[PDB]
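Chemist: Let me begin by handing over the structure; questions about it come next.
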Amino acid sequence: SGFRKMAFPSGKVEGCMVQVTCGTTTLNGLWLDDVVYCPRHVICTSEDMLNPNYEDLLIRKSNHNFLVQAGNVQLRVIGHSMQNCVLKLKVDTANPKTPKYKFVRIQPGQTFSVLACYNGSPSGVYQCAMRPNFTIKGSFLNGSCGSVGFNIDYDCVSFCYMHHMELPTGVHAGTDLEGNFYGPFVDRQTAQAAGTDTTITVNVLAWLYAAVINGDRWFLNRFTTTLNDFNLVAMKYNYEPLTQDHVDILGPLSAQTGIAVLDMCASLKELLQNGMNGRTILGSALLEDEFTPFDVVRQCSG
Amino acid sequence: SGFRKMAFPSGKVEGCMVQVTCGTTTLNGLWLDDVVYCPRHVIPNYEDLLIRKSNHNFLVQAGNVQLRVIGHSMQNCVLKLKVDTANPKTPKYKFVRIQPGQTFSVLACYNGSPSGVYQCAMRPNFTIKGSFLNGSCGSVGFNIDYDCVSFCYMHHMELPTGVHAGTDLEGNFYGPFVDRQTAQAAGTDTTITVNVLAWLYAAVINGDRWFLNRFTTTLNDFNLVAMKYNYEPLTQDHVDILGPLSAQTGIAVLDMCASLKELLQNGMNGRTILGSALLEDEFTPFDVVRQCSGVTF
Ligand SMILES: O=C(Nc1cncc2ccccc12)[C@@H]1NCCc2ccc(Cl)cc21
Ligand SMILES: [Cl-]
């Protein structure tokens with residue numbers, strides 16, 4: 001019993017964090033095999049941040065301009081290439097702590113753990129979700145660039161995120177490990193605003209099923225709804241549309257609890273209308289949306 | 001910017017998790033140097049049940065390697081299995097007993113394999129509101145100070161309300177609990193006041209000021225109100241501990257107490273603080289400073 005926002009154990013990722021210094025800029029790199037991955041904005045100066053030409057700035061750099069530090073060991077950069085918004089520094093040593101890994105690009109609503117780092121040293125680990133507006137509500141200070149988001153399903157680390165920047169609202173933007181940004185963001189100081197954020201509906205339903213599995217049933221009702229009627233109500237509360245894929249995904253939880261997805265949708269509609277009334281669901285007074293259906297099953301069953 | 005419930009990086013602890021099997025029971029062990037620590041309920045008159053056990057009855061597995069048990073002893077509610085091999089991944093460590101209100105990270109394990117890491121607090125009623133399934137016994141709570149892991153908790157059981165009970169690494173239970181199937185109930189819980197204030201300072205540091213007011217209060221008047229809402233008494237030590245946050249934000253601790261007093265008597269009014277509609281009490285003043293300054297390990 002119990003339901004916590006749980007991150008993956010960060011050990012496999014900690015053994016990959018390095019510090020990447022280029023000129024006056026220092027941030028984090030991810031050392032996997034003989035390559036160090038980091039945000040390409042590490043090659044940027046003061047006046048080369050509003051409109052940087054990364055191809056032009058990178059051509060002027062030599063291998064010895066990049067200082068990579070793994071613990072108290074300086075690694076030797078023997079090559080450099082750019083892939084989208086990520087810089088790949090070929091090094092003369094393969095990381096002995098390289099875990100079994102994959103680069104995966106996630107979709108909004110997906111969760112992952114973040115290993116926040118400063119100067120190549122891990123400071124903390126927390127659980128996040130890719131918001132529908134493609135930002136992450138992380139916890140990052142200056143120097144956190146290069147910190148990574150990942151999932152550890154089985155013994156394989158799936159890297160899904162690399163931190164690049166903080167938007168004016170305090171939310172964060174970044175890329176997959178191939179350098180493709182999540183959302184309409186670019187790695188420059190130009191005016192960029194996150195779109196209006198919405199609640200990840202399928203995740204709220206997954207969390208309502210977690211509450212039922214843990215013995216919380218007060219919010220259940222005798223009603224059901226059509227998928228269309230639910231979405232018409234949901235949109236009015238800035239909730240993401242629930243698709244037939246989401247209904248299918250929630251099938252296992254519906255089978256385990258005996259509460260049909262559209263039946264749980266009618267509970268969610270009622271909660272949106274009434275609020276909680278001094279009550280909590282799994283120790284929360286708000287509807288939690290950073291637990292996917294897969295997270296709920298893993299945490300409640302194994 | 002941002003404020004998250006953040007756990008310590010769990011790597012140093014992951015290299016210590018092993019699986020301990022005794023008879024039909026399988027749980028987790030903590031392998032430090034040549035000793036494996038685990039809950040004694042893996043084997044009631046525990047002295048008598050332990051005397052009937054031989055070293056080969058304990059099957060300890062570190063990854064795909066079976067470790068050989070060369071000795072066994074009991075210290076309070078923890079079993080210590082002496083093994084032939086010292087753990088090469090043994091970090092710099094200490095066994096520390098924490099006080100209610102203090103926070104720590106939990107590395108939840110099943111069959112000696114880490115499955116997740118979360119942050120939690122020792123409740124004033126000595127329970128932890130964890131996330132644990134069958135097989136999680138032996139999972140440990142810890143903090144990291146510089147490069148030293150301070151082990152503070154070992155999971156033993158789940159109480160009927162779904163909350164959890166366990167011991168320090170010397171086998172002394174936190175709270176009035178015993179390691180036996182019997183009627184045991186967690187006492188009435190209270191809110192960790194100093195932690196709520198620390199979290200209000202974290203909200204101010206992140207730009208949330210709506211709850212601030214022009215008012216201040218005496219420590220005595222605050223505690224009279226706090227006692228009424230099942231909040232822990234705020235001591236002069238807590239006020240001193242909150243000093244650095246008070247200096248950084250410009251909001252005196254008793255000034256923040258007047259904000260808390262109003263929040264208790266009047267509620268949030270549809271508003272949130274750091275994305276929460278409840279007052280968060282599982283961040284200590286040190287946690288807030290560590291996260292709002294970026295201390296690394
Ligand atoms: O956002 C960046 N860094 C940070 C990242 N996270 C939390 C921060 C908090 C406080 C200050 C900086 C933070 C990075 N340096 C600032 C300008 C900038 C502009 C464009 C790009 Cl691509 C990156 C950057
Ligand atoms: Cl995905």
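In the structure tokens, each chain is lettered A, B, ... as it comes, each chain's residues begin at 1, and ligands are numbered from 1 in order of appearance.
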Which residues are near ligand 1 - at most 7 Å, using only C-alpha atoms and all ligand atoms? Format: as a ChimeraX atom specification.
Modeler: /A:41,49,140-145,164-167,172,186-189 /B:1
Chemist: Which parts of region 13-71 of chain A does DSSP call strand (DSSP E or B) when run on the backbone here, written out as a PyMOL selection string?
Modeler: chain A and resi 17-22+25-32+35-39+66-70
Chemist: Okay, now the selection with N, CA, C and O atoms, as an mmCIF file, in the first residue's frame?
Modeler:
```cif
data_model
loop_
_atom_site.group_PDB
_atom_site.id
_atom_site.type_symbol
_atom_site.label_atom_id
_atom_site.label_comp_id
_atom_site.auth_asym_id
_atom_site.auth_seq_id
_atom_site.Cartn_x
_atom_site.Cartn_y
_atom_site.Cartn_z
ATOM 1 N N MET A 17 27.459 10.845 -15.593
ATOM 2 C CA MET A 17 27.552 12.298 -15.542
ATOM 3 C C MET A 17 28.986 12.784 -15.503
ATOM 4 O O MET A 17 29.806 12.288 -14.726
ATOM 5 N N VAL A 18 29.291 13.728 -16.384
ATOM 6 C CA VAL A 18 30.591 14.389 -16.506
ATOM 7 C C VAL A 18 30.362 15.900 -16.604
ATOM 8 O O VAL A 18 29.224 16.354 -16.806
ATOM 9 N N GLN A 19 31.421 16.678 -16.416
ATOM 10 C CA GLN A 19 31.361 18.119 -16.511
ATOM 11 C C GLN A 19 32.005 18.525 -17.845
ATOM 12 O O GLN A 19 33.067 18.024 -18.191
ATOM 13 N N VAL A 20 31.330 19.368 -18.625
ATOM 14 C CA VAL A 20 31.831 19.825 -19.913
ATOM 15 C C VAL A 20 32.041 21.314 -19.866
ATOM 16 O O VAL A 20 31.097 22.079 -19.649
ATOM 17 N N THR A 21 33.295 21.732 -20.067
ATOM 18 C CA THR A 21 33.658 23.131 -20.035
ATOM 19 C C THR A 21 34.155 23.581 -21.392
ATOM 20 O O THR A 21 34.993 22.925 -22.008
ATOM 21 N N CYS A 22 33.634 24.703 -21.863
ATOM 22 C CA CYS A 22 34.047 25.248 -23.131
ATOM 23 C C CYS A 22 34.048 26.749 -22.940
ATOM 24 O O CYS A 22 32.995 27.351 -22.729
ATOM 25 N N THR A 25 31.743 28.769 -20.239
ATOM 26 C CA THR A 25 30.548 27.977 -19.960
ATOM 27 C C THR A 25 30.870 26.572 -19.453
ATOM 28 O O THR A 25 31.636 25.845 -20.078
ATOM 29 N N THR A 26 30.235 26.176 -18.349
ATOM 30 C CA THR A 26 30.388 24.844 -17.802
ATOM 31 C C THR A 26 28.982 24.251 -17.587
ATOM 32 O O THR A 26 28.129 24.895 -16.975
ATOM 33 N N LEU A 27 28.744 23.038 -18.097
ATOM 34 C CA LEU A 27 27.480 22.325 -17.914
ATOM 35 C C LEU A 27 27.719 20.808 -17.836
ATOM 36 O O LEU A 27 28.868 20.391 -17.707
ATOM 37 N N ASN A 28 26.672 19.992 -17.897
ATOM 38 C CA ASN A 28 26.807 18.559 -17.757
ATOM 39 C C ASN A 28 26.778 17.836 -19.084
ATOM 40 O O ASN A 28 26.121 18.254 -20.034
ATOM 41 N N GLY A 29 27.466 16.718 -19.105
ATOM 42 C CA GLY A 29 27.518 15.835 -20.244
ATOM 43 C C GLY A 29 27.149 14.436 -19.819
ATOM 44 O O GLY A 29 27.257 14.068 -18.646
ATOM 45 N N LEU A 30 26.734 13.647 -20.772
ATOM 46 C CA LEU A 30 26.330 12.282 -20.552
ATOM 47 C C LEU A 30 27.342 11.423 -21.300
ATOM 48 O O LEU A 30 27.374 11.436 -22.520
ATOM 49 N N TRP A 31 28.188 10.707 -20.568
ATOM 50 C CA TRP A 31 29.258 9.876 -21.109
ATOM 51 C C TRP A 31 28.797 8.434 -21.274
ATOM 52 O O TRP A 31 28.618 7.716 -20.298
ATOM 53 N N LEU A 32 28.551 8.027 -22.510
ATOM 54 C CA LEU A 32 28.091 6.676 -22.831
ATOM 55 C C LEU A 32 29.060 6.125 -23.839
ATOM 56 O O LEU A 32 29.278 6.760 -24.870
ATOM 57 N N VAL A 35 31.491 8.465 -26.190
ATOM 58 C CA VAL A 35 30.899 9.736 -26.606
ATOM 59 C C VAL A 35 30.320 10.471 -25.401
ATOM 60 O O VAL A 35 29.707 9.853 -24.525
ATOM 61 N N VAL A 36 30.524 11.788 -25.340
ATOM 62 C CA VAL A 36 29.950 12.636 -24.312
ATOM 63 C C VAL A 36 28.894 13.488 -25.013
ATOM 64 O O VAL A 36 29.206 14.199 -25.971
ATOM 65 N N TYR A 37 27.630 13.381 -24.580
ATOM 66 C CA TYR A 37 26.549 14.139 -25.172
ATOM 67 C C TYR A 37 26.282 15.324 -24.278
ATOM 68 O O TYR A 37 26.176 15.141 -23.081
ATOM 69 N N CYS A 38 26.100 16.518 -24.841
ATOM 70 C CA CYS A 38 25.769 17.704 -24.045
ATOM 71 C C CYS A 38 25.009 18.739 -24.901
ATOM 72 O O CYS A 38 24.999 18.614 -26.131
ATOM 73 N N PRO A 39 24.342 19.765 -24.309
ATOM 74 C CA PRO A 39 23.656 20.756 -25.152
ATOM 75 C C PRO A 39 24.684 21.511 -25.993
ATOM 76 O O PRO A 39 25.762 21.841 -25.485
ATOM 77 N N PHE A 66 37.387 21.862 -25.667
ATOM 78 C CA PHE A 66 36.404 21.205 -24.809
ATOM 79 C C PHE A 66 37.125 20.469 -23.696
ATOM 80 O O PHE A 66 37.872 19.531 -23.963
ATOM 81 N N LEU A 67 36.915 20.892 -22.457
ATOM 82 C CA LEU A 67 37.522 20.262 -21.298
ATOM 83 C C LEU A 67 36.452 19.375 -20.670
ATOM 84 O O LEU A 67 35.459 19.893 -20.162
ATOM 85 N N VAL A 68 36.614 18.061 -20.737
ATOM 86 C CA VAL A 68 35.636 17.146 -20.148
ATOM 87 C C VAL A 68 36.226 16.523 -18.895
ATOM 88 O O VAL A 68 37.323 15.972 -18.948
ATOM 89 N N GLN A 69 35.517 16.630 -17.768
ATOM 90 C CA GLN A 69 35.979 16.085 -16.510
ATOM 91 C C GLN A 69 35.023 15.035 -15.940
ATOM 92 O O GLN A 69 33.858 15.323 -15.679
ATOM 93 N N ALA A 70 35.520 13.825 -15.747
ATOM 94 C CA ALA A 70 34.776 12.727 -15.156
ATOM 95 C C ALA A 70 35.403 12.492 -13.785
ATOM 96 O O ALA A 70 36.484 11.901 -13.684
#
```
Chemist: When the cut-off is 8 Å and we count only C-alpha atoms, which residues of chain B are near chain A, given as a PyMOL selection string?
Modeler: chain B and resi 1-12+14+107+114-118+129-133+158+162-163+276-278+292-297
Chemist: Pull C-alpha atoms from the residues just selected and write them as a PDB file, in the first residue's frame.
Modeler:
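Listed below is the output, result-v6.pdb:
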```pdb
ATOM      1  CA  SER B   1      13.208  27.674 -10.698  1.00  0.00           C
ATOM      2  CA  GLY B   2      10.991  24.782  -9.725  1.00  0.00           C
ATOM      3  CA  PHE B   3      10.449  22.884  -6.519  1.00  0.00           C
ATOM      4  CA  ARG B   4      10.209  19.131  -6.557  1.00  0.00           C
ATOM      5  CA  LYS B   5      10.196  16.400  -3.941  1.00  0.00           C
ATOM      6  CA  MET B   6      13.737  15.350  -4.585  1.00  0.00           C
ATOM      7  CA  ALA B   7      15.524  12.308  -3.321  1.00  0.00           C
ATOM      8  CA  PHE B   8      19.311  11.902  -2.933  1.00  0.00           C
ATOM      9  CA  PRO B   9      21.046  10.172  -5.896  1.00  0.00           C
ATOM     10  CA  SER B  10      20.668   6.459  -4.962  1.00  0.00           C
ATOM     11  CA  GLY B  11      23.794   4.985  -6.639  1.00  0.00           C
ATOM     12  CA  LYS B  12      25.926   4.582  -3.491  1.00  0.00           C
ATOM     13  CA  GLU B  14      22.155   0.542  -4.992  1.00  0.00           C
ATOM     14  CA  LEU B 107      15.378   3.012  -2.157  1.00  0.00           C
ATOM     15  CA  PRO B 114      16.246  -1.470  -6.584  1.00  0.00           C
ATOM     16  CA  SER B 115      12.928  -0.575  -8.183  1.00  0.00           C
ATOM     17  CA  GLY B 116      12.461   3.072  -7.178  1.00  0.00           C
ATOM     18  CA  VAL B 117      13.608   6.007  -5.089  1.00  0.00           C
ATOM     19  CA  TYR B 118      11.401   8.473  -3.222  1.00  0.00           C
ATOM     20  CA  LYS B 129       3.965   7.269   4.453  1.00  0.00           C
ATOM     21  CA  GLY B 130       5.910   5.118   2.020  1.00  0.00           C
ATOM     22  CA  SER B 131       5.111   3.101  -1.066  1.00  0.00           C
ATOM     23  CA  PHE B 132       5.774  -0.546  -0.352  1.00  0.00           C
ATOM     24  CA  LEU B 133       4.519  -3.954  -1.559  1.00  0.00           C
ATOM     25  CA  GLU B 158       3.002  -2.069   6.911  1.00  0.00           C
ATOM     26  CA  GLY B 162      -1.257   1.542   4.821  1.00  0.00           C
ATOM     27  CA  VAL B 163       1.541   3.493   6.588  1.00  0.00           C
ATOM     28  CA  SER B 276      -0.146  22.153  -4.045  1.00  0.00           C
ATOM     29  CA  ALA B 277      -3.580  22.882  -2.443  1.00  0.00           C
ATOM     30  CA  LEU B 278      -2.338  21.473   0.915  1.00  0.00           C
ATOM     31  CA  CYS B 292      17.344  26.296  -3.812  1.00  0.00           C
ATOM     32  CA  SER B 293      21.266  26.408  -3.921  1.00  0.00           C
ATOM     33  CA  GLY B 294      22.199  23.162  -5.805  1.00  0.00           C
ATOM     34  CA  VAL B 295      24.437  21.132  -3.412  1.00  0.00           C
ATOM     35  CA  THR B 296      25.960  18.053  -5.235  1.00  0.00           C
ATOM     36  CA  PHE B 297      27.030  14.430  -4.265  1.00  0.00           C
TER      37      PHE B 297
END
```
Chemist: Residues within 10 Å of ligand 2 should be enumerated using only C-alpha atoms and all ligand atoms and returned as a ChimeraX atom specification.
Modeler: /A:104-112,130,160,292
Chemist: Print the selection's residues with N, CA and C atoms to a file, as an mmCIF file, in the first residue's frame.
Modeler:
```
data_model
loop_
_atom_site.group_PDB
_atom_site.id
_atom_site.type_symbol
_atom_site.label_atom_id
_atom_site.label_comp_id
_atom_site.auth_asym_id
_atom_site.auth_seq_id
_atom_site.Cartn_x
_atom_site.Cartn_y
_atom_site.Cartn_z
ATOM 1 N N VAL A 104 15.306 7.149 -26.380
ATOM 2 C CA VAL A 104 13.882 7.092 -26.731
ATOM 3 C C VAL A 104 13.305 8.517 -26.718
ATOM 4 N N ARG A 105 12.462 8.854 -27.687
ATOM 5 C CA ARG A 105 11.787 10.144 -27.698
ATOM 6 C C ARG A 105 10.392 9.874 -27.127
ATOM 7 N N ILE A 106 9.981 10.625 -26.091
ATOM 8 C CA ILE A 106 8.689 10.403 -25.464
ATOM 9 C C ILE A 106 7.592 11.337 -26.007
ATOM 10 N N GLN A 107 6.341 11.027 -25.713
ATOM 11 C CA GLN A 107 5.200 11.837 -26.101
ATOM 12 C C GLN A 107 4.679 12.576 -24.849
ATOM 13 N N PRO A 108 3.977 13.703 -25.014
ATOM 14 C CA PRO A 108 3.439 14.410 -23.821
ATOM 15 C C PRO A 108 2.541 13.504 -22.984
ATOM 16 N N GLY A 109 2.669 13.638 -21.687
ATOM 17 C CA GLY A 109 1.964 12.793 -20.745
ATOM 18 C C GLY A 109 2.868 11.735 -20.149
ATOM 19 N N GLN A 110 3.957 11.381 -20.864
ATOM 20 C CA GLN A 110 4.910 10.391 -20.408
ATOM 21 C C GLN A 110 5.706 10.916 -19.243
ATOM 22 N N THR A 111 6.015 10.031 -18.298
ATOM 23 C CA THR A 111 6.814 10.402 -17.159
ATOM 24 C C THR A 111 8.241 9.888 -17.292
ATOM 25 N N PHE A 112 9.137 10.491 -16.531
ATOM 26 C CA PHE A 112 10.528 10.088 -16.479
ATOM 27 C C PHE A 112 11.168 10.686 -15.240
ATOM 28 N N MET A 130 6.342 14.933 -19.194
ATOM 29 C CA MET A 130 6.400 15.797 -20.366
ATOM 30 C C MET A 130 5.004 16.442 -20.442
ATOM 31 N N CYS A 160 15.542 9.872 -22.338
ATOM 32 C CA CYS A 160 14.503 10.553 -23.106
ATOM 33 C C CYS A 160 14.606 12.050 -23.103
ATOM 34 N N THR A 292 1.495 7.906 -15.117
ATOM 35 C CA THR A 292 0.882 7.290 -16.297
ATOM 36 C C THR A 292 0.165 5.989 -15.910
#
```
Chemist: List as a PyMOL selection string the protein and nucleic acid residues near region 229-232 of chain B, meaning an atom at most 8 Å away when only C-alpha atoms are counted, but skip any in the same chain fewer than 2 places from it.
Modeler: chain B and resi 124+189-193+225-227+234+264
Chemist: Determine which residues of region 144-271 of chain B DSSP labels as helix (DSSP H, G or I) from the backbone of this structure, then write them out as a CSV table (one decimal) with N, CA and C atoms, in the first residue's frame.
Modeler:
```csv
chain,number,residue,atom,x,y,z
B,193,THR,N,5.5,21.3,11.5
B,193,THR,CA,5.4,22.8,11.5
B,193,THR,C,6.6,23.4,10.9
B,194,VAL,N,7.8,23.1,11.4
B,194,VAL,CA,9.1,23.7,10.9
B,194,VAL,C,9.2,23.4,9.4
B,195,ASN,N,8.8,22.2,8.9
B,195,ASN,CA,8.9,21.8,7.5
B,195,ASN,C,7.9,22.6,6.7
B,196,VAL,N,6.7,22.9,7.2
B,196,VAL,CA,5.7,23.7,6.4
B,196,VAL,C,6.3,25.1,6.2
B,197,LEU,N,6.9,25.7,7.2
B,197,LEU,CA,7.5,27.0,7.1
B,197,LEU,C,8.6,27.0,6.1
B,198,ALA,N,9.5,26.0,6.1
B,198,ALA,CA,10.6,25.8,5.2
B,198,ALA,C,10.0,25.8,3.8
B,199,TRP,N,8.9,25.1,3.6
B,199,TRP,CA,8.3,25.0,2.3
B,199,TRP,C,7.6,26.3,1.8
B,200,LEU,N,7.1,27.1,2.8
B,200,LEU,CA,6.6,28.4,2.5
B,200,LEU,C,7.7,29.3,2.1
B,201,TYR,N,8.9,29.2,2.7
B,201,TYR,CA,10.1,30.0,2.2
B,201,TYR,C,10.5,29.5,0.8
B,202,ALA,N,10.4,28.2,0.5
B,202,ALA,CA,10.7,27.7,-0.8
B,202,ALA,C,9.8,28.4,-1.9
B,203,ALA,N,8.5,28.5,-1.5
B,203,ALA,CA,7.5,29.1,-2.4
B,203,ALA,C,7.8,30.6,-2.6
B,204,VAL,N,8.2,31.3,-1.5
B,204,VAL,CA,8.6,32.7,-1.7
B,204,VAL,C,9.9,32.8,-2.6
B,205,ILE,N,10.9,32.0,-2.4
B,205,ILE,CA,12.0,31.9,-3.3
B,205,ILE,C,11.7,31.7,-4.8
B,219,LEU,N,5.9,33.6,19.5
B,219,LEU,CA,6.1,32.1,19.4
B,219,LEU,C,5.0,31.4,20.2
B,220,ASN,N,4.6,31.9,21.3
B,220,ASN,CA,3.6,31.4,22.2
B,220,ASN,C,2.2,31.4,21.5
B,221,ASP,N,1.8,32.6,20.9
B,221,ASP,CA,0.5,32.7,20.2
B,221,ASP,C,0.5,31.8,19.0
B,222,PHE,N,1.6,31.6,18.3
B,222,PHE,CA,1.6,30.7,17.2
B,222,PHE,C,1.4,29.3,17.6
B,223,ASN,N,2.1,28.8,18.7
B,223,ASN,CA,2.0,27.5,19.2
B,223,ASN,C,0.6,27.2,19.8
B,224,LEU,N,-0.1,28.2,20.4
B,224,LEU,CA,-1.5,28.0,20.8
B,224,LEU,C,-2.4,27.7,19.6
B,225,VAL,N,-2.2,28.4,18.5
B,225,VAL,CA,-3.0,28.2,17.3
B,225,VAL,C,-2.6,26.9,16.7
B,226,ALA,N,-1.3,26.6,16.5
B,226,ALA,CA,-0.7,25.4,15.9
B,226,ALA,C,-1.2,24.1,16.6
B,227,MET,N,-1.3,24.1,17.9
B,227,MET,CA,-1.8,22.9,18.7
B,227,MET,C,-3.2,22.6,18.4
B,228,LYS,N,-4.0,23.7,18.1
B,228,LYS,CA,-5.4,23.5,17.7
B,228,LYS,C,-5.6,22.8,16.4
B,236,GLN,N,12.3,27.2,19.7
B,236,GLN,CA,13.2,28.2,19.4
B,236,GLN,C,14.3,27.6,18.5
B,237,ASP,N,14.6,26.3,18.6
B,237,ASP,CA,15.6,25.7,17.7
B,237,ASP,C,15.1,25.7,16.2
B,238,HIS,N,13.8,25.5,16.0
B,238,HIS,CA,13.2,25.6,14.7
B,238,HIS,C,13.3,27.0,14.1
B,239,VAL,N,13.1,28.0,15.0
B,239,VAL,CA,13.2,29.4,14.6
B,239,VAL,C,14.6,29.7,14.1
B,240,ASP,N,15.6,29.2,14.9
B,240,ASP,CA,17.0,29.4,14.6
B,240,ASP,C,17.4,28.7,13.3
B,241,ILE,N,16.9,27.5,13.1
B,241,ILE,CA,17.2,26.7,11.9
B,241,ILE,C,16.6,27.4,10.7
B,243,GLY,N,16.5,30.6,10.2
B,243,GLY,CA,17.2,31.8,10.1
B,243,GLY,C,17.8,32.1,8.7
B,244,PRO,N,18.6,31.2,8.1
B,244,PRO,CA,19.1,31.5,6.8
B,244,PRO,C,18.0,31.8,5.7
B,245,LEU,N,16.9,31.1,5.8
B,245,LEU,CA,15.8,31.3,4.8
B,245,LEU,C,15.1,32.7,5.1
B,246,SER,N,15.0,33.0,6.4
B,246,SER,CA,14.4,34.3,6.8
B,246,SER,C,15.3,35.4,6.3
B,247,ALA,N,16.6,35.3,6.4
B,247,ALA,CA,17.5,36.3,5.9
B,247,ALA,C,17.5,36.5,4.4
B,248,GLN,N,17.4,35.3,3.7
B,248,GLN,CA,17.4,35.3,2.2
B,248,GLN,C,16.1,35.9,1.6
B,249,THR,N,15.0,35.7,2.2
B,249,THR,CA,13.7,36.2,1.7
B,249,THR,C,13.3,37.5,2.4
B,253,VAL,N,10.9,34.6,10.7
B,253,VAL,CA,10.2,33.4,11.0
B,253,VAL,C,8.8,33.6,11.7
B,254,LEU,N,8.7,34.5,12.6
B,254,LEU,CA,7.4,34.8,13.3
B,254,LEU,C,6.4,35.5,12.3
B,255,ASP,N,7.0,36.2,11.3
B,255,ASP,CA,6.2,36.8,10.2
B,255,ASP,C,5.6,35.7,9.3
B,256,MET,N,6.5,34.7,9.0
B,256,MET,CA,6.0,33.6,8.2
B,256,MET,C,5.0,32.8,9.0
B,257,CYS,N,5.1,32.7,10.4
B,257,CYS,CA,4.2,32.0,11.3
B,257,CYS,C,2.8,32.7,11.2
B,258,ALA,N,2.8,34.0,11.1
B,258,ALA,CA,1.5,34.8,10.9
B,258,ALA,C,0.8,34.4,9.6
B,259,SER,N,1.6,34.2,8.5
B,259,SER,CA,1.1,33.7,7.2
B,259,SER,C,0.5,32.3,7.5
B,260,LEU,N,1.3,31.4,8.1
B,260,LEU,CA,0.8,30.0,8.4
B,260,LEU,C,-0.5,30.0,9.2
B,261,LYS,N,-0.5,30.9,10.3
B,261,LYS,CA,-1.7,31.0,11.1
B,261,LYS,C,-2.9,31.4,10.3
B,262,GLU,N,-2.8,32.4,9.4
B,262,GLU,CA,-3.9,32.7,8.5
B,262,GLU,C,-4.3,31.6,7.6
B,263,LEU,N,-3.3,30.9,7.0
B,263,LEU,CA,-3.6,29.8,6.1
B,263,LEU,C,-4.4,28.7,6.9
B,264,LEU,N,-4.0,28.4,8.1
B,264,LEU,CA,-4.8,27.5,8.9
B,264,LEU,C,-6.2,27.9,9.3
B,265,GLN,N,-6.4,29.1,9.7
B,265,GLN,CA,-7.7,29.6,10.0
B,265,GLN,C,-8.7,29.9,8.9
B,266,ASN,N,-8.1,30.2,7.7
B,266,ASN,CA,-8.9,30.6,6.5
B,266,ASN,C,-8.8,29.7,5.3
```
Chemist: Need the shell around region 50-60 of chain A: protein/DNA/RNA residues with any atom at most 10 Å away, counting only C-alpha atoms. Skip same-chain ones fewer than 6 positions apart. Format as a ChimeraX atom specification?
Modeler: /A:40-41,43-44,80-82,84-85,87,187-191
Chemist: In Å to one decimal, how far is CA of residue 67 (chain B) from CA of residue 43 (chain B)?
Modeler: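 Interatomic distance here is 17.8 Å.
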Chemist: Work out how far CA of residue 121 (chain B) is from CA of residue 100 (chain B), in Å to one decimal.
Modeler: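 It comes out at 7.4 Å.
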Chemist: So that I can see what lies close to residue 159 (chain B), please list as a PyMOL selection string the residues with an atom at most 9 Å from it, counting only C-alpha atoms and leaving out residues fewer than 3 positions away in the same chain.
Modeler: chain B and resi 127+162-165+184-186
Chemist: Skip region 61-63 of chain B itself and residues of its chain fewer than 4 positions away, then list as a ChimeraX atom specification all residues within 12 Å of it, counting only C-alpha atoms.
Modeler: /A:155 /B:14-22,26-32,36,67-69,83,85-89,111-114
Chemist: At a cut-off of 9 Å, using only C-alpha atoms, what residues contact region 232-236 of chain A? Leave out same-chain residues fewer than 3 positions from it and give the result as a list in words.
Modeler: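 Counting only the stated atoms, we get residues 198, 201, 227, 228, 229, 239, 240, 241, 242, 268, 269 and 272 of chain A.
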Chemist: Find, counting only C-alpha atoms, the residue in A:75, A:253, A:266, A:200 that gets nearest to residue 224 (chain A).
Modeler: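 Of A:75, A:253, A:266, A:200, the one nearest residue 224 (chain A), counting only C-alpha atoms, is A:266.
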Chemist: Could you check which of A:162, A:202, A:211, A:94 is closest to residue 231 (chain A), using only C-alpha atoms?
Modeler: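 Closest candidate: A:202.
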Chemist: State, in Å with one decimal place, the distance from CA of residue 151 (chain B) to CA of residue 96 (chain B).
Modeler: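 About the pair CA of residue 151 (chain B) and CA of residue 96 (chain B): they are 6.0 Å apart.
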